[PDB]
Amino acid sequence: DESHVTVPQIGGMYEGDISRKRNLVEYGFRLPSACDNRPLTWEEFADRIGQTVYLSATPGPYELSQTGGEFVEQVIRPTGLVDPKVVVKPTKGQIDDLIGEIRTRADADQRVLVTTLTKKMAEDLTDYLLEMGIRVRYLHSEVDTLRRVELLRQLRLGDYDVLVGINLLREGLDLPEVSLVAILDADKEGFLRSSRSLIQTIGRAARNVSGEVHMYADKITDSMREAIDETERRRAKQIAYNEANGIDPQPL
DNA sequence: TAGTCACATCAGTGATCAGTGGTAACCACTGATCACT
């Protein structure tokens, strides 16, 4: 499940653990048996697995290469969930528009998630945007469990309206009342900011009854536009399916 | 540098009971002085 971030997680975790295991065994901390005591490498994983089934919100490049591109699509939600609308704007000239949109939308008392690249201008935005009169919360690189479980509690208590985070946002931060999400200058190359994070934020906005993404780029890359195109076509398919399945949801 | 990434094991740390450390008659005596005839 969530293979798009599970298989890359397996690879990266194996790489990091084998690096630290070399740093241990070579520098006298553990035996090479501890190096053998490791998460499964992908070669031996393939050598050991049988009928392998993958499942994720997005088609992983490794899975697509392994399967040749032929997959099965079931991302359509009979429950009535659609992908978010997309607005693309330049990086500059956006703060006034954001303030106007949050003033117009705050009557619903929802939450808006924003992202940046590194810490300095991110925190500059945070203290400025708490200065001009909006309650804001931020995420850092060393977020512990309590400091955002309390964030979840106080957002279900409706104590603020906006969250900002760079990397501490893809792990279990589900919220039933997040409508608009802003992506700021993520077009630049990064080992931790390629297309999967943008599609993950798109899906996070999608899980709402009415999502929205505001995407700011100095330059346009093929990955983001292909992701937007596939998201839009999937949303069109979901809307077409839901137009026939007009029955209201009946949870059971 | 990303959320977890395997696996218990030492240190001297309060409060308090628990269970090692600290516990005048009798009138029996005999003598002195003495009340008595």
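For neighbour counting, all protein chains shown are included, and Cβ atoms are generated from backbone atoms with ideal geometry for every residue, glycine included. Here, each number is a calculation from the coordinates, and none is a lab measurement.
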Practice task
Take the range A:63-92 and flag every residue that is surrounded by 14 or more Cβ atoms within 10 Å (Cβ to Cβ) and more than 30 Å from A:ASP218 (Cβ to Cβ).
Solution key: A:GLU63, A:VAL75, A:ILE76, A:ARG77, A:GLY80, A:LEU81
Practice task
Look at the range A:20-54 and say how many of its residues are of a type outside the set (D, E, K, R) and assigned to a helix (DSSP H, G or I).
Solution key: 10
Exercise for the section: Return a yes/no flag: does the range A:173-186 have any residue that is in contact with a helix residue (DSSP H, G or I) (Cβ under 7 Å, 6 or more places away or on another chain), more than 23 Å from A:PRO61 (Cα to Cα), of a type outside the set (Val, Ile, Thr) and assigned to a loop (DSSP other than H, G, I, E, B). Expected result: yes
Handout entry: Filter result for A:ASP17 (touching a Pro at 6+ places or on another chain (Cβ under 8 Å), of a type in the set (D, E, K, R) and either surrounded by 14 or more Cβ atoms within 10 Å (Cβ to Cβ) or part of a helix (DSSP H, G or I) (or both))
Key = yes
Completion exercise
A:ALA57 passes all but one of the listed conditions (1) away from DNA strand B (no atom under 16 Å from the Cβ); (2) in a loop (DSSP other than H, G, I, E, B); (3) exposed (fewer than 12 other Cβ atoms within 10 Å of the Cβ); the exception is number (3)
Practice task
Tell me, please, whether a residue that is within 16 Å of DNA strand B (Cβ to nearest atom), under 26 Å from the mean Cα position of the chain (by Cα) and either farther than 29 Å from A:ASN242 by Cα or among the hydrophobic types (A, V, I, L, M, F, W, C) (or both) can be found in the range A:77-90.
Solution key: no
Fill in the blank from the handout: Residue hits (the range A:135-154; surrounded by fewer than 16 Cβ atoms within 10 Å (Cβ to Cβ) and either polar (S, T, N, Q) or not in a helix (DSSP H, G or I) (or both)) are A:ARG135, A:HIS140, A:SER141, A:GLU142, A:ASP144, A:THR145, A:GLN154
Exercise for the section: Quick one: which residue in A:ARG170, A:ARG193, A:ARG204, A:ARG234 is within 15 Å of DNA strand B (Cβ to nearest atom), of a type in the set (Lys, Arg) and closer than 16 Å to A:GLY80 by Cα? Expected result: A:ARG204
Exercise for the section: Check whether at least one residue in the range A:199-210 is small (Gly, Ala, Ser), without any contact (Cβ under 8 Å) to a residue 60 or more places away in the chain and in a helix (DSSP H, G or I), and report yes or no. Expected result: no
Exercise for the section: Go through (1) surrounded by 13 or more Cβ atoms within 10 Å (Cβ to Cβ); (2) within 14 Å of DNA strand B (Cβ to nearest atom); (3) not small (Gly, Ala, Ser) and name the single condition A:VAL112 misses. Expected result: (2)
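Filter the range A:1-37 down to residues that are among the charged types (D, E, K, R) and within 27 Å of A:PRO59 (Cα to Cα) and give me whichever is farthest from DNA strand B (Cβ to nearest atom).
Selected residue: A:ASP1.
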Fill in the blank from the handout: Those residues of the range A:116-133 that are more than 16 Å from DNA strand B (Cβ to nearest atom) and under 26 Å from A:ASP187 (Cβ atoms) come to a total of 6
Exercise for the section: Tell me, please, whether a residue that is assigned to a strand (DSSP E or B) and touching a residue at least 12 places away in the same chain (Cβ under 8 Å) can be found in the range A:96-105. Expected result: no
Exercise for the section: Output yes when any residue across the range A:63-72 is over 30 Å from A:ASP248 (Cβ atoms) and either within 16 Å of DNA strand B (Cβ to nearest atom) or in contact with a helix residue (DSSP H, G or I) (Cβ under 6 Å, 6 or more places away or on another chain) (or both), and no when none is. Expected result: no
Fill in the blank from the handout: Within the range A:208-230, the count of residues that are closer than 20 Å to A:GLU73 by Cβ, buried (at least 17 other Cβ atoms within 10 Å of the Cβ) and out of contact with any helix residue (DSSP H, G or I) (no Cβ under 6 Å at 6 or more places or on another chain) comes to 1
